[PDB]
Every structure is written in structure tokens, then in C-alpha cells.
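Visitor: File coords08.cif follows (mmCIF, N, CA, C and O atoms):
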```
data_coords
loop_
_atom_site.label_atom_id
_atom_site.label_comp_id
_atom_site.auth_asym_id
_atom_site.auth_seq_id
_atom_site.Cartn_x
_atom_site.Cartn_y
_atom_site.Cartn_z
N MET A 1 -9.34 12.58 66.12
CA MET A 1 -10.72 12.52 66.62
C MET A 1 -11.61 13.53 65.89
O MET A 1 -12.11 14.48 66.50
N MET A 2 -11.71 13.44 64.56
CA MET A 2 -12.58 14.32 63.79
C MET A 2 -13.98 13.74 64.02
O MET A 2 -14.12 12.53 64.17
N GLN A 3 -15.03 14.57 64.11
CA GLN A 3 -16.37 14.04 64.33
C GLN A 3 -16.78 13.12 63.17
O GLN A 3 -16.25 13.25 62.06
N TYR A 4 -17.72 12.21 63.41
CA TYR A 4 -18.20 11.25 62.42
C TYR A 4 -19.71 11.38 62.17
O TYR A 4 -20.21 10.96 61.13
N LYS A 5 -20.45 12.04 63.07
CA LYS A 5 -21.89 12.26 62.92
C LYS A 5 -22.15 13.74 63.09
O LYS A 5 -22.00 14.28 64.19
N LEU A 6 -22.54 14.38 61.99
CA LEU A 6 -22.87 15.80 61.94
C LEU A 6 -24.37 15.76 62.17
O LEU A 6 -25.08 15.14 61.38
N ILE A 7 -24.85 16.33 63.27
CA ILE A 7 -26.26 16.33 63.61
C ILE A 7 -26.87 17.68 63.27
O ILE A 7 -26.43 18.70 63.79
N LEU A 8 -27.86 17.69 62.38
CA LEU A 8 -28.57 18.90 61.99
C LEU A 8 -29.84 19.00 62.81
O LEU A 8 -30.51 17.99 63.07
N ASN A 9 -30.13 20.21 63.27
CA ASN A 9 -31.33 20.51 64.03
C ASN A 9 -32.40 20.75 62.98
O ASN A 9 -32.20 21.56 62.08
N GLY A 10 -33.52 20.03 63.06
CA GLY A 10 -34.63 20.15 62.15
C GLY A 10 -35.81 19.49 62.83
O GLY A 10 -35.64 18.46 63.48
N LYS A 11 -37.01 20.07 62.71
CA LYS A 11 -38.19 19.50 63.34
C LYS A 11 -38.68 18.28 62.55
O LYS A 11 -39.03 17.26 63.15
N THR A 12 -38.74 18.41 61.23
CA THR A 12 -39.18 17.35 60.33
C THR A 12 -38.05 16.99 59.35
O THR A 12 -38.28 16.35 58.32
N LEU A 13 -36.83 17.47 59.60
CA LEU A 13 -35.65 17.22 58.80
C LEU A 13 -34.63 16.56 59.71
O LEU A 13 -34.26 17.10 60.75
N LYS A 14 -34.23 15.33 59.36
CA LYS A 14 -33.27 14.55 60.11
C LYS A 14 -32.39 13.75 59.18
O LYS A 14 -32.85 13.26 58.14
N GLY A 15 -31.15 13.56 59.58
CA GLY A 15 -30.13 12.81 58.88
C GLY A 15 -28.80 13.10 59.55
O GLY A 15 -28.75 13.79 60.57
N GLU A 16 -27.75 12.52 58.99
CA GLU A 16 -26.36 12.66 59.38
C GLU A 16 -25.54 12.48 58.10
O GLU A 16 -26.02 11.90 57.11
N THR A 17 -24.31 12.97 58.11
CA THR A 17 -23.40 12.85 56.98
C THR A 17 -21.97 12.95 57.52
O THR A 17 -21.76 13.38 58.67
N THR A 18 -20.99 12.56 56.71
CA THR A 18 -19.58 12.57 57.06
C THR A 18 -18.77 12.94 55.82
O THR A 18 -19.10 12.52 54.71
N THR A 19 -17.76 13.79 56.02
CA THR A 19 -16.85 14.30 55.03
C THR A 19 -15.52 14.60 55.74
O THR A 19 -15.44 14.51 56.97
N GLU A 20 -14.48 14.90 54.97
CA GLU A 20 -13.16 15.24 55.47
C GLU A 20 -12.88 16.69 55.11
O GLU A 20 -13.45 17.24 54.16
N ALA A 21 -12.03 17.34 55.89
CA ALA A 21 -11.62 18.73 55.70
C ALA A 21 -10.13 18.81 56.01
O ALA A 21 -9.56 17.88 56.60
N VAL A 22 -9.48 19.91 55.62
CA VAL A 22 -8.05 20.12 55.84
C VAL A 22 -7.81 20.39 57.33
O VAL A 22 -6.90 19.80 57.92
N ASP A 23 -8.65 21.20 57.96
CA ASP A 23 -8.59 21.59 59.37
C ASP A 23 -9.98 22.08 59.80
O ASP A 23 -10.84 22.34 58.94
N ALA A 24 -10.20 22.27 61.10
CA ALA A 24 -11.48 22.71 61.67
C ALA A 24 -12.02 23.99 61.02
O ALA A 24 -13.18 24.00 60.60
N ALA A 25 -11.20 25.03 60.84
CA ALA A 25 -11.63 26.28 60.21
C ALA A 25 -12.15 26.04 58.79
O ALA A 25 -13.14 26.64 58.36
N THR A 26 -11.49 25.16 58.04
CA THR A 26 -11.86 24.85 56.67
C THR A 26 -13.20 24.11 56.63
O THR A 26 -13.97 24.25 55.68
N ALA A 27 -13.48 23.32 57.67
CA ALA A 27 -14.70 22.56 57.81
C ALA A 27 -15.86 23.49 58.21
O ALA A 27 -17.02 23.19 57.93
N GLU A 28 -15.58 24.58 58.94
CA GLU A 28 -16.57 25.54 59.41
C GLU A 28 -17.37 26.14 58.24
O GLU A 28 -18.59 26.07 58.20
N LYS A 29 -16.66 26.66 57.23
CA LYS A 29 -17.29 27.28 56.07
C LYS A 29 -18.24 26.32 55.37
O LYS A 29 -19.31 26.76 54.91
N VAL A 30 -17.88 25.04 55.27
CA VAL A 30 -18.68 24.01 54.62
C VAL A 30 -19.91 23.72 55.48
O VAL A 30 -21.03 23.83 55.00
N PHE A 31 -19.71 23.40 56.76
CA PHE A 31 -20.79 23.06 57.67
C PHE A 31 -21.82 24.19 57.79
O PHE A 31 -23.01 23.92 57.64
N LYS A 32 -21.39 25.44 57.98
CA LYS A 32 -22.33 26.55 58.08
C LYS A 32 -23.07 26.70 56.75
O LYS A 32 -24.29 26.83 56.75
N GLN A 33 -22.37 26.65 55.61
CA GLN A 33 -23.03 26.76 54.31
C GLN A 33 -24.06 25.65 54.13
O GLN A 33 -25.14 25.91 53.61
N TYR A 34 -23.78 24.44 54.61
CA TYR A 34 -24.69 23.30 54.53
C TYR A 34 -25.95 23.56 55.39
O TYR A 34 -27.02 23.01 55.09
N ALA A 35 -25.86 24.31 56.49
CA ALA A 35 -27.02 24.66 57.32
C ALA A 35 -27.85 25.67 56.50
O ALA A 35 -29.05 25.49 56.33
N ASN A 36 -27.19 26.68 55.92
CA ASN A 36 -27.81 27.70 55.08
C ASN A 36 -28.53 27.04 53.90
O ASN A 36 -29.66 27.39 53.58
N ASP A 37 -27.92 26.01 53.30
CA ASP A 37 -28.45 25.23 52.17
C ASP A 37 -29.73 24.47 52.55
O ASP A 37 -30.44 23.92 51.71
N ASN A 38 -30.05 24.43 53.85
CA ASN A 38 -31.22 23.79 54.43
C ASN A 38 -32.22 24.81 54.97
O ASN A 38 -33.26 24.40 55.48
N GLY A 39 -31.95 26.11 54.82
CA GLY A 39 -32.81 27.17 55.31
C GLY A 39 -32.71 27.30 56.82
O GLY A 39 -33.72 27.54 57.48
N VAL A 40 -31.51 27.10 57.38
CA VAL A 40 -31.25 27.16 58.81
C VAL A 40 -30.21 28.24 59.10
O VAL A 40 -29.06 28.14 58.67
N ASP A 41 -30.64 29.28 59.81
CA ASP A 41 -29.83 30.42 60.23
C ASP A 41 -29.79 30.39 61.76
O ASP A 41 -30.81 30.06 62.37
N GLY A 42 -28.67 30.73 62.39
CA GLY A 42 -28.54 30.74 63.84
C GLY A 42 -27.09 30.62 64.28
O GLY A 42 -26.19 30.48 63.45
N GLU A 43 -26.84 30.74 65.58
CA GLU A 43 -25.51 30.64 66.16
C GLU A 43 -25.02 29.19 66.05
O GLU A 43 -25.82 28.24 66.10
N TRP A 44 -23.71 29.01 65.89
CA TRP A 44 -23.10 27.71 65.79
C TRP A 44 -22.81 27.25 67.21
O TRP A 44 -22.27 28.01 68.02
N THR A 45 -23.16 26.01 67.52
CA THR A 45 -22.97 25.40 68.82
C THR A 45 -22.04 24.19 68.67
O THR A 45 -22.04 23.49 67.66
N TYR A 46 -21.20 23.97 69.68
CA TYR A 46 -20.22 22.90 69.71
C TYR A 46 -19.92 22.48 71.14
O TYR A 46 -19.86 23.32 72.04
N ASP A 47 -19.74 21.18 71.35
CA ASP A 47 -19.43 20.58 72.63
C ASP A 47 -18.18 19.75 72.40
O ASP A 47 -18.26 18.67 71.79
N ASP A 48 -17.02 20.24 72.82
CA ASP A 48 -15.75 19.52 72.68
C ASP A 48 -15.88 18.17 73.39
O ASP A 48 -15.46 17.14 72.86
N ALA A 49 -16.59 18.16 74.52
CA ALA A 49 -16.85 17.01 75.38
C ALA A 49 -17.49 15.83 74.65
O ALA A 49 -17.38 14.69 75.11
N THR A 50 -18.19 16.07 73.53
CA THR A 50 -18.85 15.03 72.76
C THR A 50 -18.44 15.03 71.28
O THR A 50 -18.77 14.10 70.55
N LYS A 51 -17.65 16.02 70.83
CA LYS A 51 -17.18 16.17 69.45
C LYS A 51 -18.37 16.17 68.47
O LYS A 51 -18.48 15.31 67.60
N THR A 52 -19.30 17.11 68.65
CA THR A 52 -20.48 17.28 67.80
C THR A 52 -20.70 18.78 67.58
O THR A 52 -20.29 19.61 68.40
N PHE A 53 -21.27 19.13 66.42
CA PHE A 53 -21.61 20.49 66.01
C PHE A 53 -23.12 20.50 65.77
O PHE A 53 -23.63 19.70 64.99
N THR A 54 -23.84 21.42 66.43
CA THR A 54 -25.28 21.59 66.35
C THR A 54 -25.57 23.06 66.00
O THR A 54 -24.83 23.95 66.43
N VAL A 55 -26.59 23.33 65.19
CA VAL A 55 -26.97 24.68 64.80
C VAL A 55 -28.12 25.13 65.69
O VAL A 55 -29.20 24.51 65.70
N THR A 56 -27.89 26.15 66.52
CA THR A 56 -28.93 26.66 67.39
C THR A 56 -29.56 27.83 66.64
O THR A 56 -28.91 28.86 66.45
N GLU A 57 -30.82 27.69 66.25
CA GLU A 57 -31.56 28.72 65.53
C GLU A 57 -31.98 29.80 66.50
O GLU A 57 -32.46 29.44 67.60
#
```
Let me see the structure of the file written as C-alpha cells.

Guide:
Amino acid sequence: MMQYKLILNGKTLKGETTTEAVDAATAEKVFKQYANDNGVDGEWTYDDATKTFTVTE
């Protein structure tokens, strides 16, 4: 049950993407760097209940 829709928080920036990783920790470095690559800094948010990762600025 790896997530399939990575939802980025953006006011005028919207999209989704999907990739594979070796494990959750390995995916963390990529996902956080991808938020940084968008000019988004903030705490990482996750809901196991829905299997989604959101960046709370």
C-alpha cells in the first residue's frame, strides 16, 4: 500500500506525481527535497489513515 497521489500544498501550484522508493525513509529524502525544489519549507505531515503526505508550511 505505497501511496499513489503525492499532494503538494500550493496556492497557485497544483499537481500530483508517482515514483517508487526502496523504503519509506528512502522516499522521505526525495519527497522533502521535492518540496524544497518548489520553494516550500515547513513540517512534514502524514495521515496513515489515508496514506498521503502533505507539507504544512

Visitor: Please expand the PyMOL selection byres (((chain A and resi 20 and name CA) around 12) and name CA) into the concrete residues it hits in this file, giving the result as a PDB file with N, CA, C and O atoms, in the frame of the given file.

Guide:
```pdb
ATOM      1  N   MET A   1      -9.340  12.580  66.120  1.00  0.00           N
ATOM      2  CA  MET A   1     -10.720  12.520  66.620  1.00  0.00           C
ATOM      3  C   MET A   1     -11.610  13.530  65.890  1.00  0.00           C
ATOM      4  O   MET A   1     -12.110  14.480  66.500  1.00  0.00           O
ATOM      5  N   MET A   2     -11.710  13.440  64.560  1.00  0.00           N
ATOM      6  CA  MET A   2     -12.580  14.320  63.790  1.00  0.00           C
ATOM      7  C   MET A   2     -13.980  13.740  64.020  1.00  0.00           C
ATOM      8  O   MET A   2     -14.120  12.530  64.170  1.00  0.00           O
ATOM      9  N   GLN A   3     -15.030  14.570  64.110  1.00  0.00           N
ATOM     10  CA  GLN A   3     -16.370  14.040  64.330  1.00  0.00           C
ATOM     11  C   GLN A   3     -16.780  13.120  63.170  1.00  0.00           C
ATOM     12  O   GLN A   3     -16.250  13.250  62.060  1.00  0.00           O
ATOM     13  N   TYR A   4     -17.720  12.210  63.410  1.00  0.00           N
ATOM     14  CA  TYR A   4     -18.200  11.250  62.420  1.00  0.00           C
ATOM     15  C   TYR A   4     -19.710  11.380  62.170  1.00  0.00           C
ATOM     16  O   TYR A   4     -20.210  10.960  61.130  1.00  0.00           O
ATOM     17  N   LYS A   5     -20.450  12.040  63.070  1.00  0.00           N
ATOM     18  CA  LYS A   5     -21.890  12.260  62.920  1.00  0.00           C
ATOM     19  C   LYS A   5     -22.150  13.740  63.090  1.00  0.00           C
ATOM     20  O   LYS A   5     -22.000  14.280  64.190  1.00  0.00           O
ATOM     21  N   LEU A   6     -22.540  14.380  61.990  1.00  0.00           N
ATOM     22  CA  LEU A   6     -22.870  15.800  61.940  1.00  0.00           C
ATOM     23  C   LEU A   6     -24.370  15.760  62.170  1.00  0.00           C
ATOM     24  O   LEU A   6     -25.080  15.140  61.380  1.00  0.00           O
ATOM     25  N   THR A  17     -24.310  12.970  58.110  1.00  0.00           N
ATOM     26  CA  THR A  17     -23.400  12.850  56.980  1.00  0.00           C
ATOM     27  C   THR A  17     -21.970  12.950  57.520  1.00  0.00           C
ATOM     28  O   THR A  17     -21.760  13.380  58.670  1.00  0.00           O
ATOM     29  N   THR A  18     -20.990  12.560  56.710  1.00  0.00           N
ATOM     30  CA  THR A  18     -19.580  12.570  57.060  1.00  0.00           C
ATOM     31  C   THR A  18     -18.770  12.940  55.820  1.00  0.00           C
ATOM     32  O   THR A  18     -19.100  12.520  54.710  1.00  0.00           O
ATOM     33  N   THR A  19     -17.760  13.790  56.020  1.00  0.00           N
ATOM     34  CA  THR A  19     -16.850  14.300  55.030  1.00  0.00           C
ATOM     35  C   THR A  19     -15.520  14.600  55.740  1.00  0.00           C
ATOM     36  O   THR A  19     -15.440  14.510  56.970  1.00  0.00           O
ATOM     37  N   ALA A  21     -12.030  17.340  55.890  1.00  0.00           N
ATOM     38  CA  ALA A  21     -11.620  18.730  55.700  1.00  0.00           C
ATOM     39  C   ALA A  21     -10.130  18.810  56.010  1.00  0.00           C
ATOM     40  O   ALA A  21      -9.560  17.880  56.600  1.00  0.00           O
ATOM     41  N   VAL A  22      -9.480  19.910  55.620  1.00  0.00           N
ATOM     42  CA  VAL A  22      -8.050  20.120  55.840  1.00  0.00           C
ATOM     43  C   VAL A  22      -7.810  20.390  57.330  1.00  0.00           C
ATOM     44  O   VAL A  22      -6.900  19.800  57.920  1.00  0.00           O
ATOM     45  N   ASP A  23      -8.650  21.200  57.960  1.00  0.00           N
ATOM     46  CA  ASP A  23      -8.590  21.590  59.370  1.00  0.00           C
ATOM     47  C   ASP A  23      -9.980  22.080  59.800  1.00  0.00           C
ATOM     48  O   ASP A  23     -10.840  22.340  58.940  1.00  0.00           O
ATOM     49  N   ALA A  24     -10.200  22.270  61.100  1.00  0.00           N
ATOM     50  CA  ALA A  24     -11.480  22.710  61.670  1.00  0.00           C
ATOM     51  C   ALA A  24     -12.020  23.990  61.020  1.00  0.00           C
ATOM     52  O   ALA A  24     -13.180  24.000  60.600  1.00  0.00           O
ATOM     53  N   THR A  26     -11.490  25.160  58.040  1.00  0.00           N
ATOM     54  CA  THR A  26     -11.860  24.850  56.670  1.00  0.00           C
ATOM     55  C   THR A  26     -13.200  24.110  56.630  1.00  0.00           C
ATOM     56  O   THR A  26     -13.970  24.250  55.680  1.00  0.00           O
ATOM     57  N   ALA A  27     -13.480  23.320  57.670  1.00  0.00           N
ATOM     58  CA  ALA A  27     -14.700  22.560  57.810  1.00  0.00           C
ATOM     59  C   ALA A  27     -15.860  23.490  58.210  1.00  0.00           C
ATOM     60  O   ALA A  27     -17.020  23.190  57.930  1.00  0.00           O
ATOM     61  N   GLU A  28     -15.580  24.580  58.940  1.00  0.00           N
ATOM     62  CA  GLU A  28     -16.570  25.540  59.410  1.00  0.00           C
ATOM     63  C   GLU A  28     -17.370  26.140  58.240  1.00  0.00           C
ATOM     64  O   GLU A  28     -18.590  26.070  58.200  1.00  0.00           O
ATOM     65  N   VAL A  30     -17.880  25.040  55.270  1.00  0.00           N
ATOM     66  CA  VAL A  30     -18.680  24.010  54.620  1.00  0.00           C
ATOM     67  C   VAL A  30     -19.910  23.720  55.480  1.00  0.00           C
ATOM     68  O   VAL A  30     -21.030  23.830  55.000  1.00  0.00           O
ATOM     69  N   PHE A  31     -19.710  23.400  56.760  1.00  0.00           N
ATOM     70  CA  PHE A  31     -20.790  23.060  57.670  1.00  0.00           C
ATOM     71  C   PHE A  31     -21.820  24.190  57.790  1.00  0.00           C
ATOM     72  O   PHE A  31     -23.010  23.920  57.640  1.00  0.00           O
TER      73      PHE A  31
END
```

Visitor: Enumerate, as number ranges by chain, the complete set of residues in chain A that a backbone-based DSSP assignment places in strand (DSSP E).

Guide: A: 43-47, 52-56

Visitor: Extract the full set of alpha helix (DSSP H) residues from chain A according to DSSP on the backbone, and format it as a list in words.

Guide: residues 24, 25, 26, 27, 28, 29, 30, 31, 32, 33, 34, 35 and 36 of chain A

Visitor: One number please: atom CA of residue 56 of chain A to atom CA of residue 43 of chain A, in Å, one decimal.

Guide: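 Atom CA of residue 56 of chain A sits 5.4 Å away from atom CA of residue 43 of chain A.
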
Visitor: Rank A:51, A:8, A:57, A:13 by their smallest atom-to-atom distance to residue 34 of chain A, using only C-alpha atoms, and report the top residue only.

Guide: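 Of the candidates, the smallest distance to residue 34 of chain A is held by A:8.
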
Visitor: Selected by the PyMOL selection byres (((chain A and resi 40 and name CA) around 9) and name CA) in the shown coordinates: which residues, as number ranges by chain?

Guide: A: 9-10, 32, 34-39, 41-42, 55-57

Visitor: In Å, with one decimal, what is the gap from atom N of residue 46 of chain A to atom O of residue 15 of chain A?

Guide: 15.6 Å

Visitor: Go ahead and compute the interatomic distance for atom O of residue 7 of chain A and atom CA of residue 53 of chain A, in Å to one decimal.

Guide: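 These atoms are spaced 5.6 Å apart.
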